[PDB]
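Below you will find one chain, with nothing else, as structure tokens; this is the form deposited in one PDB entry, and questions on how it binds or moves follow later.
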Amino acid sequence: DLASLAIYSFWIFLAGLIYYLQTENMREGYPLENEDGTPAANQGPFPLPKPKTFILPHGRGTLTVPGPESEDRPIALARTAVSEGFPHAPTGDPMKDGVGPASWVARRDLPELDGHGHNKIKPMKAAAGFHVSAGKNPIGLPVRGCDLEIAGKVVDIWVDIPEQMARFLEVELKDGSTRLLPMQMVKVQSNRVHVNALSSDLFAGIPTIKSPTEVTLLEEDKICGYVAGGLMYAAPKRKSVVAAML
């Protein structure tokens, strides 16, 4: 029976495809480790795939995966139980140490480049011809934290030039310096920009950028990691919805 052979064959193929897909999705994060950092005994049934090499543009080298885990920075966390499967609590300030929902990855300390080799992101102020085309222009608006206090003001929008989109709001703090706030973590209102993830007192702590005209992937990660981490770690300073309503 042709139909029977066809369906029988399909399942063989499907099992083989799933096998392929799974191993293919082990190009990162493997081999698995024990909570102490040592190679875990059980690595699962699917074996690591053979190495593949990505050739990166504009003198950025190559990337080979699977490969030795890149992450080597110190992790400010301590074991909580003798048995495996339990939380590791922060030894210091999670926000400052970059752990938990405030984690960041040691990405390349260079800006992401577009197809021409130019910086993908740039403050609109320096993006020739760019302007706000629709919606409320956030530039000039005060920035309120979840403690309902003003944390600063918007002095510019950092745009993704190739994708023509707002990616960060540049916020000037009390001391005259500025920080970058991820666009997807702010709420532009008619009279202000509200940041639920952070209380006014936490803005100074947002990681800073070396140059005022560019932001690196390493910086973006530290910034985005830090801001998101506020949802959990700044909860004590986050005022109720009814309070915000007033």
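Start at 1 and count along the sequence shown; that's the residue number. Think of the rigid core as the biggest set of C-alphas that the two forms share within 1.5 Å after superposition.
If you look for the form deposited in another entry, you will not find it shown, but the lines that follow are about it.
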Quiz item: Which of 43, 208, 196, 216 has its C-alpha displaced by 2 Å or more between this form and the one not shown after core superposition?
Solution: 43
Quiz item: Is there a C-alpha shift of 2 Å or more at residue 18 between this form and the one not shown once the rigid core is superposed?
Solution: no
Quiz item: After superposition on the rigid core, does the Cα atom of residue 34 shift by at least 2 Å between this form and the one not shown?
Solution: yes
Self-check item: Direction of Cα pair change residue 51-residue 33 in the other entry, magnitude 3 angstroms or more
Solution: closer
Practice problem: Explain in one word, closer or farther, how the Cα atoms of residue 107 and residue 32 are placed in the other entry relative to this form, where the distance changes by 3 Å or more. | Solution: closer
